[PDB]
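1. structure for this input, please:
(6 chains)
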Amino acid sequence: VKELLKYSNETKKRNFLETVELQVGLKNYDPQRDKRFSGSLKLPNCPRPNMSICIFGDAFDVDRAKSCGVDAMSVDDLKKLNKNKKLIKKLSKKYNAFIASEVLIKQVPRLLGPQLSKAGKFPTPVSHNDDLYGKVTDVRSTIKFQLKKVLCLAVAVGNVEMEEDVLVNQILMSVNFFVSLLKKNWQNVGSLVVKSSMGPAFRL
Amino acid sequence: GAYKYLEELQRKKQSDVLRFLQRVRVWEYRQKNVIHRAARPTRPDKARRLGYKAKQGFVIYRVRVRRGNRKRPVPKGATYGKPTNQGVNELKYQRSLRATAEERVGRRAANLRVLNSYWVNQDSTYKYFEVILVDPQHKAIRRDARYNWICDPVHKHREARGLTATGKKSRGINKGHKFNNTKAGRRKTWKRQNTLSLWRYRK
Amino acid sequence: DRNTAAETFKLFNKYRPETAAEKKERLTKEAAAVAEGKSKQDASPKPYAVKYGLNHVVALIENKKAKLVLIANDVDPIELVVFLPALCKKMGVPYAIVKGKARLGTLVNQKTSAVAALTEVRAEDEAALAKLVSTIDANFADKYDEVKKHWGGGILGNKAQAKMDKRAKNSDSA
RNA sequence: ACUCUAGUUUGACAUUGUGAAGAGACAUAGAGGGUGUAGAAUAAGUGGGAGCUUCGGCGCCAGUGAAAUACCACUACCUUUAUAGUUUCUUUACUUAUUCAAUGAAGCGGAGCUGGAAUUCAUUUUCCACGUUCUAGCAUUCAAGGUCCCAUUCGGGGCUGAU
RNA sequence: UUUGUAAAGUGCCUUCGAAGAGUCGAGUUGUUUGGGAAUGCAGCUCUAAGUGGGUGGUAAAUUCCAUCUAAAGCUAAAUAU
RNA sequence: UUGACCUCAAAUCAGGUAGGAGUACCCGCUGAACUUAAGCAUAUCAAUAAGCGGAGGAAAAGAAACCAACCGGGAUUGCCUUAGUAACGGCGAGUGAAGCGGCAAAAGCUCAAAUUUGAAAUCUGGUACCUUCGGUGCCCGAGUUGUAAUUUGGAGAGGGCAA
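-> Numbers count the residues shown, from 1 in each chain, chains lettered A, B, ... in the order given. Below is the structure in question.
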C-alpha cells in the first residue's frame, strides 16, 4: 500500500528547504529489449497541473492562427523564420498542426535535441486549438522510455495537498500497465524510486 | 503435538541436518549385520502411522538389501533360446527391494508377522529399511481388537504373498482403467478370461 | 553447567508428579469425599506437578502456557528434539538444555523423559524461578542467533592434531 | 554371413565429504574513474527545476551543442572484497566414508629425563640415541632388590624396579 | 440382577476442521499390456506440493471445467475346487 | 565410590512360536522351448509348462486419488452381453480388454495426524482366591521417543443454548 509512506502525500513537505515549486519525480521499472517501438508509447491527460511555466511557439496557418489570442502563451506565424533557426532558445515546448508540414524539415538541428520539437512520439502536431489548450497549460507528465530499464516522469508538486493529488498517480499507473505490449516481464510495477527534487527517496 | 514437526523435518532430506544424520546413520547401520534388531524406531512419526503402537509385542528390525538390477543366472551368460530372451545384465526383478527386505526379516523372525516397512537410508551399495513386525501370540496383541486380526491363520507370511504396503503396489493392485490386467489379481483375471464358458444349452 | 543444573533440579525436585501410592491416597480421599460431601473431584487441592511428554510440552509451547522448558543433550533419534530450541525462541518461552535424560526421567518418575516443563508454580518459588529464567536466558535464548550462525565439528583426532601442529609449525615458523 | 551376448575398456550421474590455490557475480556502499564539435567547464544518459546557504560561492537567465549545470536521485559504465555462500579449473593438502594388509589387535602419537654430535652471540636456538653382536647354553610362577602398611602367623596388600 | 447421577442420538449458533514423502511425479532402461509420443511393475537418477494432488486412454503450452482422495489398515455371501 | 539410563549379550532362565507334509482350487516370484508364421531372428505358443516362496476352507479383491461426461452412476467378486469390438501386430501369423446394461450376492468400517494434563485414566507377567477358554486383589515390568477415551473425510472437534 502507498498509504504508510508519502508517495504523493502530505508526509514529505518539510524535508525540502526550497520554498519554490519542486515537483515529485516517479520512475517506473520493467525490463524491455533494445528496440525502439516496444514499451509504453503514450502521453495521456494529466488531470491536475504540474505547475510549470512554458511558452508555445505556435507557427500556424490560415485556419488555425486565430484561436491563439484568447487562451495561449505566444502568437507566432510561418513568416518569422530567421529567428527560430539561429539564435533564440526562449521556449519549453512547441505546438504544431497538420496543415503546414513543409516547414518541419527546417527546424531540426536546434530544437529536436533538447526536447523542444516533435519527431513522432508526443502529441505536439494536434489540429484542435480551441479545446486542447486547457490540457497543455496545465502541464502534463513526460513518459519517455530510455535504453535498457527506466521510465523517468513527474507526477505533481510536493507542496500541493493530498486532495488534488489523490487520483493522479493512480490514473498514471493505469497507462503503463494496459497499453503495454506483451514483451514485458512479470509484475509490471516492479520498483518505484519516487523522490521529488531535494529530499530522500520514498519507495514502496 | 510434535509429530507434524517430525513429518515436516523428514520431508526435507537434502538439508544440512538430514544429510549429516543420513551419513552418520548409514555408517552406523553398515557397521552392523544385514538383518538385526532395532531397539527403537528411528522415524517414530513414520513408524507410527504405519502401525507402530509402542508397547509389548511390537518389534523393529533393520535390514540392508543389495542394490541394483537383477543379473540373471544361466552360466557364462548363455540362455540357449531365441535372441529375444537373451539378455543377462539388464533384467530388473518385478518385486521391489522393500519386498525383499520384508521377506528376509519375515524368514529370520518366523514367529512374527510383518505389518509394513519403511525406508530409512541408502548408499550406493545398499538400501536400508526398517520393518515393523508384530508378534501375534503375545497376549497384548491377541486381545484389544484393533490388532487381533493379525492373529488369524490367513495372515501367515503377508510379506511373501504380496499383502503388505509394497506388496499390493508391486502386484499392480488398484482401481482404475490403468489397472485392468491386474485389478483382482493378475492371474485370476487371466484364467477367467481365457476360460471357455460352456453352458448346458450352448449360448 | 552443573551449578545452574543443581539449582534447577532443586526447583524441580520441589515439583514432582504423583507416584502410584499417592494416587491411591487421593483415590481414597475422593472416594470418601464424593460419597459423603458430594464434592465432585474438587475436595482435593489443585496440583502443581511438572509437565512432561513430548507432544504435551510441544502443545504447551504452541499455546504459550509453559514457563520453563528443559531439553536433553541426548536422544539418539535427534529429530525429536531439534525443533524445540526453534519453537522456544519463536514463542518466547525460556529454555535450557540440561545434561542427561536420566535425570529428567528421575525427577518425573520415568526412565527417560527428554522434555520437562513448568507451567504452574506456587507463590513460594517465584523469585527463584525468575532468577533461573534470567540465568538461562543469559545462556541460551539470547545467544540463539550467534549459535545458529556457527558451524561446530571439524575437530581432528589428537594424532592428526599433533601432526598438524608439527607441520603448521614447520610450514611457517622455525 | 545376419542379429545378439557374458566378459572387459572408457565417459556421465550417484557413493562423495573437508581445507588451501586460480576465473567468473551476485547479497554488500562507496571512495573514485569513463576527453568526437560547440558551450565559464571531463554534461556516460534521463527526471524536477528558479533557487539554496548566516555569508561567500554556484545557479535561473545568456549562449551553445545530439545532449544546460546550483541541489537531490535512477540506469549504468571501469576499478576497489575490507565483510558471507556457490560455480569449472592446481592435484596441492586433509581423516572420518570406502579399499588393501597384518596381528592371540603388544609397545602408536606427543612431551620430559639424562647424556652427547652440537656453538654458545645470554641459555639452550637445535639434532640424535633413551640396555642385548666371538660361542647350536639359560631366560616362565601378580618378579628378586629397595620402600610403606596390616596387627605380626603360616602370610596378604600399595609404590618403585619397568618415565 | 437394573448393572446408571453413566453412555447414546437428535436441533440452532460461533471458532475451527489437524488428513499418510525418497513418496507422488519426471528422465532413461528392462519387462509387460489391447494401452497406441512410454498401460502396469521394477532398476538407477532427479525429487515435490498445499484453495494441494491424481485421473479425464495421441506429446506440448495457455485458460477453464469435471471427478475422487493416494503414498497406512480390517472385512461375510455370491466365485474356483 | 555406589546407583540409575542407553546400547549389546549370556543362560538345559519362565512361558511360548516357526520349520515338515498335502498341494485339486488360491497368492506371488521366476521362466523356457517344441510349435504357428507353409523358411526365420520381432512376434506366436505364453505373461504358459518346469523351478521356487506362502496360505486357507476358500484364497484373492474390497469400501473409490473409481467410472464417466450423463437427467450422471457408486466398495469387491462372479455370470450373460459389450465382443472377436476399440486397440496392438515383419498392420503378417495372430493377439485382444473396459465403461454402460440384466442378474447372483449385497455389510460396512479402523489407525496416524489435535494438551486427558485437576491427574496414563492403558497393557503384560508373577503370586493368592474363585461362580477357572476367564474374573478380583497385591507386587514388579512395559510405556510418556507416548498406552487408553474422543474423531477419521460421509464428517468431526472445542465452546454456548433449549429439549
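
2. okay, CA-based contacts and neighbour counts for the rest of this
-> OK.

3. RNA strand F contacts on chain C?
-> C:18, C:23, C:41-48, C:51-57, C:59-60, C:63, C:74-77, C:80, C:101-102, C:106, C:110-115 (Cα under 7 Å from any atom of the strand).

4. which of those are buried?
-> C:51-52, C:54, C:56-57, C:60, C:75, C:80, C:101-102, C:112-115 (16 or more other Cα atoms under 10 Å in any protein chain shown).

5. in strands, which of the residues of chain C next to RNA strand F fall?
-> Here DSSP state E is the test, and those give residue C:115 as lying in strands.

6. just the ones in helices from the residues of chain C next to RNA strand F, please.
-> Using DSSP state H, the subset of the residues of chain C next to RNA strand F located in helices is C:23, C:54, C:55, C:56, C:57, C:59, C:60, C:106.

7. closest to residue B:148 among these?
-> residue C:55 (27.7 Å; Cα to Cα).

8. what about the longest helix in chain B?
-> Every helix in chain B considered (DSSP H), the longest is helix B:16-30.

9. tally of neighbours for residue 54?
-> Using chain A here. Neighbourhood size, residue A:54 [other Cα atoms under 10 Å in any protein chain shown]: 16.

10. that answer is for a different chain, and I need it for chain B
-> Residues near residue B:54, counting by other Cα under 10 Å: 13.

11. mind checking the SS state of it?
-> coil (DSSP: H, G, I helix; E, B strand; the rest coil).

12. gap between it and residue B:39?
-> Residue B:54 is 11 Å from residue B:39, where distance means Cα to Cα, to the nearest Å.

13. now swap in residue B:174 and tell me
-> Distance from residue B:174 to residue B:39, by Cα to Cα: 35 Å.

14. what do you get for residue A:76?
-> From residue A:76 to residue B:39 the distance is 101 Å (Cα to Cα).

15. of those two, give the one with the bigger neighbour count.
-> Of the pair residue A:76 and residue B:39, residue A:76 is the one with more neighbours under other Cα under 10 Å, namely 16 against 10.

16. is that one in a bridge, and if so with what?
-> Assessed by DSSP bridges, residue A:76 has beta-bridge partners residue A:59.

17. which ones are touching it?
-> Contacts for residue A:76 were tallied using Cα atoms under 8 Å, 6 or more residues apart in numbering or on different chains; they are A:57, A:58, A:59, A:60.

18. picking that back up, CSV for the buried ones among the residues of chain C next to RNA strand F, including distance to residue B:76?
-> Formatted as CSV, these follow (distance: Cα to Cα, whole Å):
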residue, distance to residue B:76
C:51, 67
C:52, 64
C:54, 58
C:56, 63
C:57, 63
C:60, 66
C:75, 51
C:80, 52
C:101, 58
C:102, 60
C:112, 57
C:113, 59
C:114, 58
C:115, 61
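
19. hmm, which two among those residues are most spread apart?
-> So, those by Cα to Cα: farthest apart are C:60 and C:102, at 22.1 Å.

20. packing partners of the helix or strand where residue C:85 lies?
-> Following DSSP states H and E, one finds residue C:85 within helix C:84-90. Using 3 or more Cα pairs under 8 Å, 6 or more residues apart in numbering or on different chains; DSSP states H and E as the contact test, the elements touching helix C:84-90 are helix C:54-62.

21. could you point out the helix or strand that follows the helix it packs on?
-> strand C:68-72.

22. rewinding a little: taking the ones in helices among the residues of chain C next to RNA strand F, tell me the two that lie furthest apart.
-> It's C:23 and C:59 that sit farthest apart of those, by Cα to Cα, at 25.1 Å.

23. so how many other residues sit close to whichever residue of chain A sits closest to RNA strand F?
-> Here chain A gets closest to RNA strand F at one residue, residue A:186, 30.0 Å apart by Cα to the nearest atom of the strand. Using other Cα under 10 Å, residue A:186 has 9 neighbouring residues.

24. over to residue A:26: give its phi and psi.
-> Phi and psi for residue A:26, reported as degrees, to the nearest 10, are phi -100, psi 140.

25. alright, I will stop here.
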